[PDB]
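See below for the structure under consideration.
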Number of protein chains: 2
Amino acid sequence: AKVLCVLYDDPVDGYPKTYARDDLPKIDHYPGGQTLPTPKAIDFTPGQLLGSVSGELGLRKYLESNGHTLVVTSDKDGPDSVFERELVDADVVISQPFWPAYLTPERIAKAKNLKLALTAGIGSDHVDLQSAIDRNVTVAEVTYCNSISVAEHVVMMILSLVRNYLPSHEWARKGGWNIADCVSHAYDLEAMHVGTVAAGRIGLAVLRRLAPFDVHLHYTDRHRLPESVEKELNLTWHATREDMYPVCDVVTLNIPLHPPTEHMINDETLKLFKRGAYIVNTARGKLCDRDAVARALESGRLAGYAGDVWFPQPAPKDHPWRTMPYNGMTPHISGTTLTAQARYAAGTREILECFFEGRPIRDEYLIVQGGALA
Amino acid sequence: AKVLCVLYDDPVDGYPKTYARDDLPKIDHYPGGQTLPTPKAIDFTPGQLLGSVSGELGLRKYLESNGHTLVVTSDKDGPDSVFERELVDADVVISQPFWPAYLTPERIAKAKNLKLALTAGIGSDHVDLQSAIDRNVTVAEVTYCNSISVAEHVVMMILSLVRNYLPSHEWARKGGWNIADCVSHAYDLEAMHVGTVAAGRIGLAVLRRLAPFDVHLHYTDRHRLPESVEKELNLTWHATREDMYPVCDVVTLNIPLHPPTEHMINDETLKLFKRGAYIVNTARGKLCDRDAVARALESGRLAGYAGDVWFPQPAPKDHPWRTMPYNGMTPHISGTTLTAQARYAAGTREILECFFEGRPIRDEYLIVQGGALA
Ligand SMILES: NC(=O)c1ccc[n+]([C@H]2O[C@@H](COP(=O)(O)OP(=O)(O)OC[C@@H]3O[C@H](n4ccc(N)nc4=O)[C@H](O)[C@@H]3O)[C@@H](O)[C@H]2O)c1
Ligand SMILES: NC(=O)c1ccc[n+]([C@H]2O[C@@H](COP(=O)(O)OP(=O)(O)OC[C@@H]3O[C@H](n4ccc(N)nc4=O)[C@H](O)[C@@H]3O)[C@@H](O)[C@H]2O)c1
């Protein structure tokens with residue numbers, strides 16, 4: 001078989017020879033009982049850079065020693081990209097949401113041998129599922145591989161915005177001291193009201209991590225949590241999003257992007273926020289109107305905004321969230337820590353081994369098989 | 001009835017006219033039951049900048065309407081300072097540990113009217129206690145006012161160091177993207193081993209906030225925690241610090257500085273740390289050999305160091321910790337958020353009202369009284 005795998009670029013100084021540490025913490029299962037990936041073997045050491053072109057998700061020896069071919073590229077955009085060239089006879093396509101190779105209807109029509117569309121990570125929005133259903137292509141992803149990673153990133157950003165970490169560190173780095181300059185915008189998080197807009201895997205993991213900070217927890221979602229869970233975390237439920245914003249000091253978005261949530265944070269809905277609110281968005285860039293957010297921070301309607309998701313992505317060089325007041329942005333990285341990469345490279349190999357050996361792919365990995373069967 | 005009060009400078013662009021939010025979260029008590037300060041009244045709005053020269057801890061109208069004088073300065077260092085000149089007849093001296101007016105033996109000898117040494121915050125380290133005992137000066141502090149603030153700062157720095165937040169935010173800020181450059185030094189915190197060197201007010205608050213991150217918790221102390229707390233937080237006790245270091249991925253220092261702890265982190269003890277360990281130090285700068293820490297980051301033995309405490313303070317513009325690799329420094333600020341300032345400005349006024357009216361200062365505020373430690 002031919003496996004076509006799209007990854008992001010190696011670092012500026014090259015593929016790293018050494019790493020900061022030797023191994024990764026041992027983990028058995030995700031919250032809720034789903035066990036971590038179980039490939040038969042792996043050909044990488046956990047903690048290596050796996051999501052760049054030279055990392056190859058640790059796949060080449062396993063594939064080439066089994067008669068398969070592996071094409072790894074970072075060129076994914078347009079009809080004359082390496083990706084679209086190699087796609088016509090590829091059996092398997094793999095990409096990460098951090099550099100996704102879009103499987104449009106027209107691309108899937110051209111992919112004569114395509115049988116498996118694999119997401120190395122979480123989030124198959126780059127794959128047209130109706131075309132996969134019609135064409136009998138399996139669509140899978142490494143469920144849960146980076147939900148905890150993103151949750152950590154969220155709480156880190158909450159603390160950093162509220163306490164004014166990033167300008168304070170800049171004073172230290174640039175040779176200043178300037179205590180009043182640092183803390184004129186610095187508060188404690190304690191006893192603030194903090195809401196999450198969804199509360200699925202990331203939203204719940206964020207709520208658990210916030211609880212011992214003695215914040216008052218709020219959430220909204222289409223489907224209420226078991227009030228057993230509501231009782232343990234002392235959650236206030238809001239049936240609608242617009243009800244939750246006004247009572248929150250901090251709001252984190254952990255909701256999927258689709259037409260009803262597109263630009264859900266806009267000039268109109270930002271006026272429902274308490275003056276000086278904080279928003280953290282590690283979900284999707286287009287949940288927020290780019291310029292409404294920028295206006296809110298210049299006017300002080302928000303006192304901070306942080307996230308790793310942008311629109312468009314990758315963010316253009318002059319994108320306003322890069323330099324607006326009190327931003328805590330990173331590039332799109334939160335689910336591709338070296339830790340997460342080890343889990344989803346292993347998950348990728350587990351799915352490939354099942355697929356080539358004709359064994360069942362884990363039901364929790366599946367999105368499409370014959371039909372929208374998860 | 002002369003109050004000499006030393007505060008830090010206003011922000012470089014002047015004392016603020018507006019603030020990010022209108023109020024502060026409501027808090028009743030500290031962990032363990034101690035109530036927040038209870039002055040008869042306050043002449044500030046909580047959330048205002050009170051610890052700088054124009055904030056005056058909100059004290060002027062209360063002192064002056066009672067016939068006292070208030071002298072506020074930021075010039076405190078050495079014999080030619082405003083502070084030394086005003087000290088000769090001050091009855092009350094007030095100082096924050098973020099900008100401390102040192103009451104050395106020689107200075108206290110010159111302070112002919114000195115009756116009360118008040119710390120606007122936590123940490124009588126700047127006051128020679130034997131001199132205060134010998135001269136019957138009362139020494140008091142606003143106990144617990146910023147313990148939670150520092151604990152939040154610790155967890156914030158741990159997450160930032162492990163996930164490589166600060167260089168990632170620089171890539172975003174400067175117009176780049178560079179996913180592999182961001183994450184070649186980024187890990188999850190989950191299931192790491194994290195140890196605190198002591199488990200007092202801050203150390204226990206740090207441990208409680210770390211628990212839902214699913215880390216493995218470790219601690220040292222002269223006195224063990226109660227067995228019920230050990231099992232509630234699933235703590236591993238270590239009898240010596242040196243016995244704790246080799247199993248920790250993260251070590252946070254929450255211990256006072258005195259001879260047995262000075263330079264306790266040095267070229268020799270650093271060889272006990274795991275490769276790629278992180279250190280956070282919001283305690284005191286001189287707990288660490290300054291150049292040994294920098295050497296350990298330059299040579300790749302430590303994956304990160306962060307804190308808000310330095311030696312000396314303020315840090316000179318070329319202090320090595322400002323620019324050494326993988327540092328997360330701020331200036332000394334973690335206990336002077338606008339939230340914390342509101343508590344210790346209220347407590348400062350409470351203590352002053354007690355002292356001038358002859359009512360007993362709270363026992364938990366007292367360090368020295370009546371010629372003895374108390
Ligand atoms: N590297 C990254 O930045 C990164 C990494 C991983 C994932 N993601 C992003 O992609 C999403 C997945 O996040 P998720 O938590 O992993 O997904 P899920 O568990 O299915 O979500 C809970 C659900 O919310 C729902 N819902 C749905 C529609 C609606 N109109 N209202 C609702 O309320 C429904 O009820 C359910 O609770 C976003 O969260 C965001 O994180 C980004
Ligand atoms: N803005 C800031 O950065 C800031 C703010 C407030 C305070 N501070 C700093 O000044 C200290 C107070 O911190 P603390 O936790 O408030 O003080 P405490 O409750 O008395 O300490 C727990 C004790 O540890 C002890 N101990 C002692 C000696 C020894 N050889 N072994 C031990 O084990 C003993 O056992 C007990 O548990 C440092 O911690 C650091 O935080 C910094």
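Chain letters run A, B, ... following the sequence lines, proteins first and then strands; every chain starts at 1. We count ligands from 1, going down the list as the structure has it; atoms in each ligand are counted the same way. Heavy-atom basis, side chains included; hydrogens, waters and symmetry copies ignored.
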message = Only heavy atoms of A:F98, strictly under 4.0 Å: list the atoms of ligand 1 that pass.
response =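 That gives atoms 1 (N) of ligand 1.
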inquiry  = Out of all atoms in ligand 1, which are within 4.0 Å of some heavy atom of A:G335? Include the element for each.
reply    =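 Ligand 1 atoms under the 4.0 Å threshold to A:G335: 1 (N).
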request  = Take every heavy atom of A:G123, measure it against each atom of ligand 1, and state whether any distance is under 4.0 Å.
outcome  =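 No, A:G123 has no heavy atoms under 4.0 Å from ligand 1.
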query = atom 35 (O) of ligand 2: which of B:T337, B:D125, B:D221, B:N281 has the nearest heavy atom?
reply =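 Minimum heavy-atom distance to atom 35 (O) of ligand 2 goes to B:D221.
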Please report which non-hydrogen protein atom sits nearest to [atom], along with the residue it belongs to and the distance in Å to one decimal place.
atom: atom 19 (O) of ligand 1; result: A:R201 N, 3.0 Å
atom: atom 38 (C) of ligand 2; result: B:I255 O, 3.2 Å
atom: atom 7 (C) of ligand 1; result: A:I202 CD1, 3.7 Å
atom: atom 24 (O) of ligand 1; result: A:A198 CB, 3.3 Å
atom: atom 27 (C) of ligand 2; result: B:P256 CG, 3.5 Å
atom: atom 42 (C) of ligand 2; result: B:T282 O, 3.4 Å
atom: atom 21 (O) of ligand 1; result: A:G200 CA, 3.9 Å
atom: atom 31 (N) of ligand 2; result: B:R222 CG, 3.2 Å

inquiry  = Is the ring pair B:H126/B:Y102 parallel, tilted or perpendicular, if the boundaries are 30 and 60 degrees?
reply    =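 B:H126 and B:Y102: perpendicular rings.
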ask   = Do other residues, nucleotides or ligands put more than 12 heavy atoms under 6.0 Å from B:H223 NE2?
value =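 No, the 6.0 Å shell around NE2 holds no more than 12 heavy atoms from other groups.
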Any N/O pair [X]/ligand 1 closer than 3.5 Å:
X: A:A283; result: no
X: A:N146; result: no
X: A:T261; result: no
X: A:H223; result: no
X: A:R284; result: no

Applying a heavy-atom cut-off of 4.0 Å, say which part of [X] lies close to ligand 2: side chain, backbone, both or neither.
X: B:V150; answer: side chain
X: B:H332; answer: side chain
X: B:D308; answer: side chain

Qualifying residues under side chain to side chain contact (heavy atoms under 4.5 Å, CB included), relative to B:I202, sequence neighbours excluded =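 With neighbours one apart ignored, the set is B:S147, B:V150, B:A151, B:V206, B:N254.
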Are any side-chain N or O atoms of [X] and backbone N or O atoms of [Y], one a donor and one an acceptor, separated by less than 3.5 Å?
X: B:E141; Y: B:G123; value: yes
X: B:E242; Y: B:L272; value: no
X: A:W321; Y: A:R290; value: yes
X: B:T269; Y: B:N266; value: yes

Return yes when at least one protein heavy atom is under 4.0 Å from [atom], and no when none is.
atom: atom 17 (O) of ligand 2; answer: no
atom: atom 1 (N) of ligand 1; answer: yes
atom: atom 12 (C) of ligand 2; answer: no

message = Looking only at side-chain N and O atoms, does A:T336 offer a donor or acceptor that is under 3.5 Å from a partner on A:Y344?
response =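 A:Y344 vs A:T336: donor-acceptor pair found between side chains.
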query = Can you tell me if B:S124 and B:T119 form a side-chain donor-acceptor pair at under 3.5 Å?
reply =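 No, because no side-chain N or O of B:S124 sits under 3.5 Å from a partner of the opposite role on B:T119.
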key: Pairing of B:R163 and A:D308 as salt bridge, 4.0 angstrom limit   =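 Between A:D308 and B:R163 there is no salt bridge, as every charged N stays at least 4.0 Å from the carboxylate O atoms.
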inquiry  = Do B:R362 and B:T143 make a side-chain contact, defined as non-hydrogen atoms from C-beta onward lying under 4.5 Å apart?
reply    =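 No - every pair of side-chain heavy atoms lies 4.5 Å or more apart.
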query = Are any non-hydrogen side-chain atoms of A:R208 and A:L217 less than 4.5 angstrom apart?
reply =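 When only atoms from C-beta onward are counted, A:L217 and A:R208 do not touch, as no gap falls below 4.5 Å.
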task = Apply side chain to side chain contact (heavy atoms under 4.5 Å, CB included) to the pair B:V251 and B:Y245, showing each step before the final yes or no.
result = CA-CA 7 Å; B:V251 179; B:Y245 298 153; 4.1 Å; yes
request  = Kindly indicate, with the supporting measurements, whether the criterion side chain to side chain contact (heavy atoms under 4.5 Å, CB included) is fulfilled by A:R224 and A:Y219.
outcome  = CA-CA 9 Å; A:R224 260 187 118 153; A:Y219 82 111; 3.8 Å; yes
task = Mark yes or no: A:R201 above the aromatic ring of A:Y144, with NZ or CZ under 6.0 Å from the six-membered ring centre and no more than 45 degrees from the axis.
result =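 Output yes; distance and angle both within limits.
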ask   = Should the proximity of A:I333 to ligand 1, defined as any heavy atom under 4.0 Å, be assigned to the side chain, the backbone, both, or neither?
value =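 Under 4.0 Å from ligand 1, A:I333 contributes no heavy atoms.
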query = Heavy-atom contacts under 4.0 Å between A:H258 and ligand 1: side chain, backbone, both, or neither?
reply =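 The answer is the side chain.
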request  = Go through ligand 2 atom by atom and flag the ones less than 4.0 Å from a non-hydrogen atom of B:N254.
outcome  =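 Answer, ordered by atom number: 39 (O).
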ask   = At a 4.0 Å threshold, what atoms of ligand 2 neighbour a non-hydrogen atom of B:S334?
value =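 In order of number, 1 (N), 2 (C), 3 (O).
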query = Name the one of B:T337, B:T339, B:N146 that satisfies side-chain hydrogen bond (donor to acceptor under 3.5 Å, both in side chains) with A:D188?
reply =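 Per the side-chain hydrogen bond (donor to acceptor under 3.5 Å, both in side chains) rule, the option paired with A:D188 is B:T337, out of B:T337, B:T339, B:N146.
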